[PDB]
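Colleague: Quick one: this structure, given as structure tokens, is what I'll be asking you about.
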Amino acid sequence: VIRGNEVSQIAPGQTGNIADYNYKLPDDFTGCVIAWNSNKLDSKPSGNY
Amino acid sequence: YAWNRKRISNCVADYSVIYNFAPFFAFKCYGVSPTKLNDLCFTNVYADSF
Amino acid sequence: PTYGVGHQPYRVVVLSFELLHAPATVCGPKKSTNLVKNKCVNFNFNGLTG
Amino acid sequence: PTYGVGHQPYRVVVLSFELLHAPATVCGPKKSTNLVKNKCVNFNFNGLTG
Ligand SMILES: *[C@@H]1O[C@H](CO)[C@@H](O)[C@H](O)[C@H]1NC(C)=O
């Protein structure tokens with residue numbers, strides 16, 4: 001589960017924060033990426049920590 | 001019709017902090033890539049707001 | 001929940017497939033046909049046509 | 001209404017256009033001009049320039 005800013009970073013040949021230190025895809029990647037909003041479950045008024 | 005231009009010069013530009021300032025999806029760049037804005041470096045920046 | 005649309009949580013699942021010379025352990029829903037030889041046919045051997 | 005963003009209803013209108021193989025009936029808003037002959041001009045006959 002990421003923030004909606006870094007959905008573009010889950011792609012081959014990318015740099016940033018998630019692609020550099022968290023989750024890096026190979027350059028010869030063959031597969032699919034599926035991302036969907038989860039505001040109903042992963043969001044809390046006090047703040048999901 | 002009265003869009004504002006802001007003139008940016010003589011500073012160090014960090015483009016990874018722009019993501020923390022507005023909740024946008026796409027950093028839609030044309031001549032460059034948004035992930036390479038820190039390695040290469042420019043001359044002048046102009047910011048138009050409307 | 002009060003954040004903008006670019007700060008909402010997003011659930012991500014990445015499905016990566018091995019495309020190798022190994023025998024196909026997991027693959028998809030196709031019905032198999034009886035094998036005939038010495039006859040000009042169209043074959044589909046583990047997903048590749050000819 | 002409690003479904004997710006992928007399970008919302010969507011209204012779809014598909015405009016199917018068929019091109020200039022017949023005398024034209026659907027036209028955009030443009031003004032015609034008097035026809036002049038035996039001169040080098042920039043014509044526009046039913047959407048094709050030259
Ligand atoms: C913009 O400035 C105001 C006050 O100067 C501050 O409260 C607000 O958090 C700033 N916006 C962002 C996105 O930080």
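Just so we're on the same page: first chain in the structure tokens is A, next is B, and so on; residues restart at 1 for each chain, and ligands are numbered from 1 in the order they show up.
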DSSP on the backbone, then: every residue of chain B marked helix (DSSP H, G or I), written as a list in words.
Modeller: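 Here is the list: residues 15, 16, 17, 18, 19, 20, 34, 35 and 36 of chain B.
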Colleague: Please identify every residue of chain B that has at least one atom no farther than 12 Å from an atom of chain A, counting only C-alpha atoms, and for each give the shortest atom pair and the distance in Å to one decimal, arranged by chain then increasing number, as a Markdown table.
Modeller:
```
| residue | atom | partner | partner_atom | distance |
| --- | --- | --- | --- | --- |
| B:15 | CA | A:16 | CA | 10.8 |
| B:16 | CA | A:16 | CA | 8.2 |
| B:17 | CA | A:16 | CA | 11.6 |
| B:18 | CA | A:5 | CA | 10.8 |
| B:19 | CA | A:5 | CA | 7.1 |
| B:20 | CA | A:5 | CA | 9.1 |
| B:21 | CA | A:5 | CA | 11.4 |
| B:22 | CA | A:5 | CA | 10.0 |
| B:23 | CA | A:5 | CA | 7.7 |
| B:24 | CA | A:5 | CA | 7.2 |
| B:25 | CA | A:5 | CA | 6.0 |
| B:26 | CA | A:8 | CA | 8.1 |
| B:27 | CA | A:5 | CA | 9.6 |
| B:28 | CA | A:8 | CA | 11.2 |
| B:33 | CA | A:14 | CA | 10.2 |
| B:34 | CA | A:16 | CA | 9.5 |
| B:35 | CA | A:15 | CA | 6.1 |
| B:36 | CA | A:15 | CA | 8.4 |
| B:37 | CA | A:16 | CA | 11.0 |
| B:38 | CA | A:16 | CA | 10.6 |
| B:39 | CA | A:15 | CA | 11.6 |
```
Colleague: May I have the selected residues written with N, CA and C atoms, as a CSV table (one decimal), in the first residue's frame?
Modeller:
```csv
chain,number,residue,atom,x,y,z
B,15,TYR,N,13.1,19.4,-6.8
B,15,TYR,CA,11.8,19.1,-7.4
B,15,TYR,C,11.1,17.9,-6.7
B,16,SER,N,11.7,17.2,-5.8
B,16,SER,CA,11.1,16.2,-5.0
B,16,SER,C,10.2,16.7,-3.9
B,17,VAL,N,10.3,18.0,-3.6
B,17,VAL,CA,9.5,18.5,-2.5
B,17,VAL,C,8.2,19.1,-3.1
B,18,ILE,N,8.0,19.2,-4.4
B,18,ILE,CA,6.8,19.7,-5.0
B,18,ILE,C,5.6,18.7,-4.7
B,19,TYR,N,5.9,17.4,-4.7
B,19,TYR,CA,4.9,16.4,-4.4
B,19,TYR,C,4.2,16.5,-3.1
B,20,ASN,N,4.9,17.1,-2.1
B,20,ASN,CA,4.4,17.3,-0.7
B,20,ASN,C,3.6,18.6,-0.6
B,21,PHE,N,3.5,19.4,-1.7
B,21,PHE,CA,2.8,20.7,-1.6
B,21,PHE,C,1.4,20.7,-2.2
B,22,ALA,N,1.1,19.8,-3.2
B,22,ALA,CA,-0.2,19.7,-3.8
B,22,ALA,C,-0.5,18.2,-4.0
B,23,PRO,N,-1.8,17.8,-3.9
B,23,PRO,CA,-2.2,16.4,-4.2
B,23,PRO,C,-2.5,16.2,-5.7
B,24,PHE,N,-1.5,16.2,-6.5
B,24,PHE,CA,-1.7,15.9,-7.9
B,24,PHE,C,-1.3,14.5,-8.3
B,25,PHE,N,-1.8,14.0,-9.4
B,25,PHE,CA,-1.4,12.7,-9.9
B,25,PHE,C,-0.2,12.8,-10.8
B,26,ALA,N,-0.3,13.5,-11.9
B,26,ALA,CA,0.7,13.5,-13.0
B,26,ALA,C,1.5,14.7,-13.0
B,27,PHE,N,2.9,14.6,-13.1
B,27,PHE,CA,3.8,15.6,-13.2
B,27,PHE,C,4.2,15.7,-14.7
B,28,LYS,N,3.2,16.2,-15.5
B,28,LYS,CA,3.3,15.9,-17.0
B,28,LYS,C,4.3,16.7,-17.7
B,33,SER,N,12.1,14.4,-18.4
B,33,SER,CA,11.4,13.5,-17.5
B,33,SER,C,11.4,14.0,-16.1
B,34,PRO,N,10.3,13.7,-15.3
B,34,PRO,CA,10.2,14.2,-13.9
B,34,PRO,C,11.2,13.6,-13.0
B,35,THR,N,11.8,12.4,-13.3
B,35,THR,CA,12.7,11.8,-12.4
B,35,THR,C,14.2,12.2,-12.7
B,36,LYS,N,14.4,13.0,-13.7
B,36,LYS,CA,15.7,13.5,-14.1
B,36,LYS,C,15.9,15.0,-13.9
B,37,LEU,N,15.0,15.6,-13.1
B,37,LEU,CA,15.1,17.1,-13.0
B,37,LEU,C,16.1,17.5,-12.0
B,38,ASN,N,16.8,16.6,-11.2
B,38,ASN,CA,17.8,17.0,-10.3
B,38,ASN,C,19.2,16.7,-10.8
B,39,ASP,N,19.4,15.8,-11.7
B,39,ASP,CA,20.8,15.5,-12.2
B,39,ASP,C,21.2,16.6,-13.2
```
Colleague: Write out as a list in words the set of residues from chain D that DSSP, computed on the backbone, places in strand (DSSP E).
Modeller: residues 44, 45, 48 and 49 of chain D
Colleague: Write out, as a Markdown table, each residue of chain C that has an atom at most 10 Å from chain A, together with the closest pair of atoms and their distance in Å to one decimal, counting only C-alpha atoms, rows going by chain and rising number.
Modeller:
```
| residue | atom | partner | partner_atom | distance |
| --- | --- | --- | --- | --- |
| C:1 | CA | A:43 | CA | 5.5 |
| C:2 | CA | A:45 | CA | 7.8 |
| C:3 | CA | A:43 | CA | 9.5 |
| C:4 | CA | A:4 | CA | 9.8 |
| C:5 | CA | A:4 | CA | 7.5 |
| C:6 | CA | A:4 | CA | 5.0 |
| C:7 | CA | A:4 | CA | 5.4 |
| C:8 | CA | A:4 | CA | 5.7 |
| C:9 | CA | A:3 | CA | 4.8 |
| C:10 | CA | A:37 | CA | 4.6 |
| C:11 | CA | A:1 | CA | 4.5 |
| C:12 | CA | A:35 | CA | 4.3 |
| C:13 | CA | A:34 | CA | 5.3 |
| C:14 | CA | A:33 | CA | 4.5 |
| C:15 | CA | A:32 | CA | 5.3 |
| C:16 | CA | A:31 | CA | 4.4 |
| C:17 | CA | A:31 | CA | 5.6 |
| C:18 | CA | A:30 | CA | 7.8 |
| C:19 | CA | A:30 | CA | 8.1 |
```
Colleague: Grab the atom CA of residue 21 of chain C to atom CA of residue 39 of chain C distance for me, in Å with one decimal place.
Modeller: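 Spanning atom CA of residue 21 of chain C to atom CA of residue 39 of chain C is a straight-line distance of 26.6 Å.
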Colleague: Give me, please, the distance in Å between atom CA of residue 45 of chain B and atom CA of residue 8 of chain B, quoted to one decimal.
Modeller: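 According to the coordinates, atom CA of residue 45 of chain B and atom CA of residue 8 of chain B are separated by 4.9 Å.
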